[PDB]
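First come two forms of one protein chain, each written alone as structure tokens, so that there is a structure 1 and a structure 2.
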Structure 1
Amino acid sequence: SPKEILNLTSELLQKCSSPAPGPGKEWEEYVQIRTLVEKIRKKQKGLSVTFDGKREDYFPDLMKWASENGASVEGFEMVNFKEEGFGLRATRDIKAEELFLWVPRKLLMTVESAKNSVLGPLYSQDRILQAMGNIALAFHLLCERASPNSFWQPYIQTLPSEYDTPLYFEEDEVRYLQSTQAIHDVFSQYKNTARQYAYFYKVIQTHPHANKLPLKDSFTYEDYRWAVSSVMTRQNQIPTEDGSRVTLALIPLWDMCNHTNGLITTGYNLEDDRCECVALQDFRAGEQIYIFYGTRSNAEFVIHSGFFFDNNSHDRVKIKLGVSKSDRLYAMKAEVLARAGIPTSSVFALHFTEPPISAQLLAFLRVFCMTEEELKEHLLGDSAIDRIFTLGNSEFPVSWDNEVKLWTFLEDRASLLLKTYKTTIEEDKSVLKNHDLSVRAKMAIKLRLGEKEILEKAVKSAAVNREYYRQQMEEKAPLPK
């Protein structure tokens, strides 16, 4: 038990505990913390417990172990697909809605199970584990990994050694993401991971209740990083045993399926105390077994699941907007803000699918350029309740001048956002078609290209609607609404 690692974690916690330094210097703070992370990583052995064989050699163990406990192991087989890695390949014809998967909870790994595990003494006193379910679940996975006589050890056997999450990025692969909004989320993720690792290694070394855990003998950055990455990439929500609350869970034999566009088809059957997944679509013989991971943007996909999906219709680019404190309509508009549920300032999303804008957006904008004379109509009158109800109705403009001003401001901000980026869309497409980059650089550059494409489409939509309203100005329509 070397003492140098303790000082390294202490220094790391001290540095990362400070608030965000600001713009421009976030990069320098990132490289500083990455330097400390790298030095400690090469100061440790990495994976505390390593399986002698390869990942693909343990799948039959999963089949036998699950079959003994009533988890379906028929109708599919394990194959390493080149484009998404390991997955499930159907051994027969599966029709839509067909139920080919069910796993009893006994098999499932849950925060409650961790509370019933040897981690319970630590869970009792430490608040941090109490707050986030994923963190406690990750520590449960780590504790079970070092125990050869673990009921879930066959599950742990097949988990991949390394993933494609941002924590696996090198300085160049994060450099390719510079000037984009997602980099700030990468910053927050990496800083949180570092602070958690430092605090947790020091508590485990000092907390007496951790004496009996298998982690005390070896708690490296690689182990914690792998655990957090796995829980973050293959986690699903299930209710507590009593049914009072829901909690995070890792579902073996289900989360190993890849993602495709569609509708959620995974649900847990509390009455049977098991999780059942219905077929997302018709998977013929030899076709891959797909499921829907949720309605998350490609930015979240890259940050958490660890890959980028093409043709994703549910993508979005956070946009920071707000009303400056120097407008003469602040006091009168705050009444709507309070009554419209719209905060003073918050992060909004532009949607790739039509309509590009979102109700909460149409609302903030309608309140960002509207004139004063029209700012009391929604406050007084029998139509005030109807006006606030329809305040998000695109088909109901409050006024045509507010519309043209809104679309003007939208084009202005979108053009500013396009200018802000370091590179151009043409260069990105040429790099994708010409160069041969690694997978991680590949998804990073694809993410940047997708953000630029969504912004360009937003500019186009704003311009068409602005032209539409200008022609509507040349026209006469009696219905204001």
Structure 2
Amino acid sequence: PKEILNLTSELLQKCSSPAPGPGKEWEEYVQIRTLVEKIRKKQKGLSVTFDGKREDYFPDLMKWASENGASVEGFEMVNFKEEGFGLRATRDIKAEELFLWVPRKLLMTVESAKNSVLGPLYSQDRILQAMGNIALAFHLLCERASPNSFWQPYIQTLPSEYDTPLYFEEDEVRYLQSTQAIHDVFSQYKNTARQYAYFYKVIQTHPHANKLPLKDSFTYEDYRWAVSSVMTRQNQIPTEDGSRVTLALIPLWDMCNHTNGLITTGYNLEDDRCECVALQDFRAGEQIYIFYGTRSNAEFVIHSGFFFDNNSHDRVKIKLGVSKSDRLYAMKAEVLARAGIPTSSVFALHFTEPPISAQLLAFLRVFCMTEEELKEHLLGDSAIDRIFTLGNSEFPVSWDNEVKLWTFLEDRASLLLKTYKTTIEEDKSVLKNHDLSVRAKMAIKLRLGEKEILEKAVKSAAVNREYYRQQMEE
């Protein structure tokens, strides 16, 4: 333990530092990554392992869940080559049919964590109180480490590894260099490392940790596993009394895969159970899917561990705001405030049509607006009506403002596109020609998706600029 404590302290001291700024962002990452590996290298890996194949434990999950009133009828567990494990129908299922439910007593939740062996520490530590997902991850490890716990039949069917970024090789991460997504990756890695270092110290010293099953061994690998298991599986349910909402892991639900559609999941408070209905008709033998949510591709890769290709909800981040150096700053600020729009914020450029939201359009209409136009939108009772047509695409302020607006956006989108290291044809060529690892494929596909969205934004802005200018001439 001396080596671990000495390095643990070093890690906490280094990772607690504020970012150095972008010139050293890659550098910060690899330094933490190196130190984390030095620590992980000296540990045995997971404290608790099981000897069978993952699939060999499915019969116990199914038995255990059926004993507690869960739905175990009409579907079974199979290994799909493309996604890995998931549910398959054994009987035909119709859309909106209830096929799955899970009673509250089988769920792993923060509310239940409060009453487990972790309770005494939960109540004292600030992070466990503040971070729902951390308290849930530690509850999961405590149960994993307890051989007679209620959830062993479920914990035993979880995978030993995940494809989220915490499991990426350095050279796989490298493919994301300069993409927007990498900023969120760097943060995720850094925060995970910090949490481990902090808690390792807490378990070793805090007196309420003396009776925990995690007292003898808490490896980096154990923490990484637990955090990943929560973030790739968790959902939100109401608390027992309906007074608040809380994180939960839901056995025999988290085995459903992802596709496009409507949300089919939710919690039935009256009967105290989680429910799910079929998204689409499935014939026996088909893979069962649910909709995970309207998430971006960066979120799916970073938090859920996979890259979904037909992501109709994908987008990129753009930061805009009104300069304080402007002459009309105060007036623009007043119009935006009246409209409920902040002076500066992060907006998004979307994959699907239209490329911009009404809020961004309204923002930009003010951003490019001149003094006279601002007075029209500020002075007079009619001003309020003018302000609430700003997000309405059929109500341009002036042909001049629309041209300035689309010119501005055309240039911003092009400038962002120019910051990438590779171009579109090159990335497509690599994906087609190289026998890449799965993780490398994700990094590249994600990189490509960001460029494709920006290219579309430029083309659309260019067209609108020409359209409005032509109207100006008439």
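We call the rigid core whatever largest set of C-alpha positions still superposes within 1.5 Å between the two forms. Each residue is numbered by where it sits in the sequence of structure 1, with counting from 1.
Can you tell me which of these residues, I303, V73, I342, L177, is the one whose C-alpha shifts by at least 2 angstroms between the two structures after a rigid core fit? One residue passes the 2 Å cut-off, namely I342.
Does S324 shift between the two structures by 2 angstroms or more at the C-alpha, the core having been superposed? After core superposition, the displacement of the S324 C-alpha between the two structures reaches the 2 Å mark, so yes.
Cα shift of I385 between the two structures after core superposition, in Å? A shift of 2.2 Å.
Rigid-core-superposed Cα shift at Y469 between the two structures, Å: For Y469, the alpha-carbon shift amounts to 1.0 Å.
After superposing on the rigid core, how many Å does the CA of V186 move between the two structures? Shift of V186 at C-alpha, rigid core superposed: 0.6 Å.
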